[PDB]
Every structure is written in structure tokens, then in C-alpha cells.
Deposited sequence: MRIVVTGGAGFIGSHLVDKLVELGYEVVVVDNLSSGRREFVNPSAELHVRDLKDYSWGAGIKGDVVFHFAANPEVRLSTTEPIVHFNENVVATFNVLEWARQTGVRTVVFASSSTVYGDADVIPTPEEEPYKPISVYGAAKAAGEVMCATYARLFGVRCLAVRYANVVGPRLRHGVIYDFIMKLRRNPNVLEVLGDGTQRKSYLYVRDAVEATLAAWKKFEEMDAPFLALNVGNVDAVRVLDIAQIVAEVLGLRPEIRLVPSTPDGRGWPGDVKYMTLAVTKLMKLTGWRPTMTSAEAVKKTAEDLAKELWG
């Protein structure tokens, strides 16, 4: 079948595309290359440079299923104008849903985020917890979810919403690991929250496993958390990154959720999926990957 992957030129998207290609799917990538790169696009995938903010972004693009992973990266949320978060998330997602409805797309796999929970009262956070986002980005993802669920109930466009915790691995050009490497690259002698980290390989496997199970279900909409079972502190990451680079710098402490960890009991019970690496191991591996890419 034909699979459309928005944001397929980005971090998670490019890795998702690679696995879909390995599985034999005909993959169509749609990306405006704002944060993604052509070098990350699998040679077997068909790239279409379009901007999801445009209502007619999908003109001439056909697919049976769409993995909507396009959006501005989830980082430095307080430094980006609210309108940007709104347009790149809420408007883009609505345009994807309208395209899906009008073209007869049967399934929408929406890349959501733990930010929809904001500062959750329960951690690990179960899917049952309500929307309490503290950032515009988180509100935008939550709004995207509401619209997706409605299109599923009203137009039959089924949707699996994947609420990702922190995902890390090769090709990553944003996030705490990236920032630390670039800082040490600036000054290896000096280096200026507890969250769950999942290696991109595990994240992609979990996502595809959930999608398969979802396609074997009849529920119009389903939200599922995707992340590791443990978590690591900022200072731990800083330590790991330094060791990988063989450095011993001085740590200098100079709407962002402080603590985050999603409960993945539903995912594991539904698919039998299990993480292959702990948060600390995923961070270490990623640092080694990015070292060859950035150092």
C-alpha cells in the first residue's frame, strides 16, 4: 500500500520512513525542509516538498495511510512565537485531516506528545490523565488530538495518536543532547528536570507495532503513550555526553514541563513491545551517534 509520511525528512520521521521502506511499503514523504534535511530521506521514498500550512498542500498526493509527524521541533517552546506553534501544529494538522477526509485516507497515525499532559499529577502518567498543557505547543498537540478523534468518529478517518516522551538517536539536530554536544564543541572545558528517553529504534518499533494492532481493531480513535519505563536527570545526561566525548568539563548551573515519564502499560499489553535500552543507555548511544555527526 501507499504510505504518506509528513515530516519524513525529520528526526523521527526519517527513521520511521527507513523502517517502512524495509518492510516493503511504498513511502511518500512530504516535508517543507524547515527543520528536516534531504540527506535524511531514504532513496526509496518519494519526496514532495510541500508546506502543510497550505490548505492545498496535498494536491496530487495519494495514500492509504498517513503518518502525520510534521511540525516544528518540540524544543525551546518559550522562545518561539505562539502563532508559529499554532500554525505549524493546529493549522497544519487540520489541513492534513481535511486532505485525509477528501482523499479517502483510512488511517491517520498522529505524532502527539507527553506535553499534552503538562505537569501531570500522576507520574508515570497513564493515558487516562486529562489535557493540562502549560505550553502553546502542548495545547496545539492536544487540539490536534481532539480534531483527529472527531474526524475518526465523524468521517471514519481512524486515528492512532502516539504521545511520545523524549526520543533520541542519529540525525537528531535538537534537544538537550544536541545542545550539550554543540556547547562542548564551543568550549570542551565548560558546560552550562527528569524525563524519560527512548532510543529512536525502539520508538519506531513501538509505533509500527501499535499501528498494526490498531489496524486490527475497530475503535475509531486511540491514544497511546510511547516512551521508556525509566528516566534520567539533566545532570546525568551532561555526565554521559562528556564521557562519550572523552571530556571532563565543569558543570555550571545557570512553559517547560519539569518532570515527565509516561506509563507504557497499555502499549506493552497491547503489542508485547518492550524497550531494548534504558533511558541512560539511549542517551549514551545517541551521544555516540551524534559525536560522529557533529564532533
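- request: Quickly check which stretches of the deposited sequence aren't in the model, judged by C-alpha, and list them in order.
  value: Unobserved in coordinates, per deposited numbering: 193-198, 261-270, 312.
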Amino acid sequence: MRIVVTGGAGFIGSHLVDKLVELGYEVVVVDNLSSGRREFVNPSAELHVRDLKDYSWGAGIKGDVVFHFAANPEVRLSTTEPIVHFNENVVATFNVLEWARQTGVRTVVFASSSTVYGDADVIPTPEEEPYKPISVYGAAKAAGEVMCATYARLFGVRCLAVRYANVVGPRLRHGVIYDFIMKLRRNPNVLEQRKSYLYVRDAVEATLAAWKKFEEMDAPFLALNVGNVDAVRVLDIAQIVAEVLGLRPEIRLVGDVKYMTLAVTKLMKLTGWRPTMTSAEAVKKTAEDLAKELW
From here on, numbers count along this sequence of modelled residues.
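- prompt: Per the entry, where is the mean C-alpha temperature factor higher: 137-145 or 169-177?
  reply: Higher of the two, by average CA B-factor, is 169-177.
task: Would you determine, from the values in the PDB entry, which of 7-15 and 21-29 has the greater average C-alpha temperature factor?
output: Looking at the recorded C-alpha B-factors, 21-29 comes out higher on average.
- prompt: Which one of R158, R185, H85, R163 shows the top CA temperature factor in the record?
  reply: If I rank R158, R185, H85, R163 by C-alpha B-factor, first place goes to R185.
- prompt: Highest Cα B-factor in the PDB entry belongs to which of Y259, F40, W57, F67?
  reply: In this record, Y259 carries the highest C-alpha B-factor of the candidates.
message: Going by the CA temperature factor in the PDB record, which third of the chain does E216 belong to: lowest, middle or highest?
response: Highest third - that is where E216 ends up once the chain's C-alpha B-factors are sorted.
- request: Could you tell me which third, lowest, middle or highest, the C-alpha B-factor of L47 occupies within its chain?
  value: It falls in the middle third of the chain.
- prompt: Going by the entry, which third of its chain does the Cα temperature factor of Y197 land in?
  reply: Within its chain, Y197 is a highest-third residue by C-alpha B-factor, going by the deposited values.
- prompt: Lowest, middle or highest third: where is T93 by Cα B-factor in its chain?
  reply: For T93, the deposited C-alpha B-factor lands in the lowest third.
task: Place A210 in the lowest, middle or highest third of its chain's C-alpha B-factors, as listed in the PDB entry.
output: Within its chain, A210 is a middle-third residue by C-alpha B-factor, going by the deposited values.
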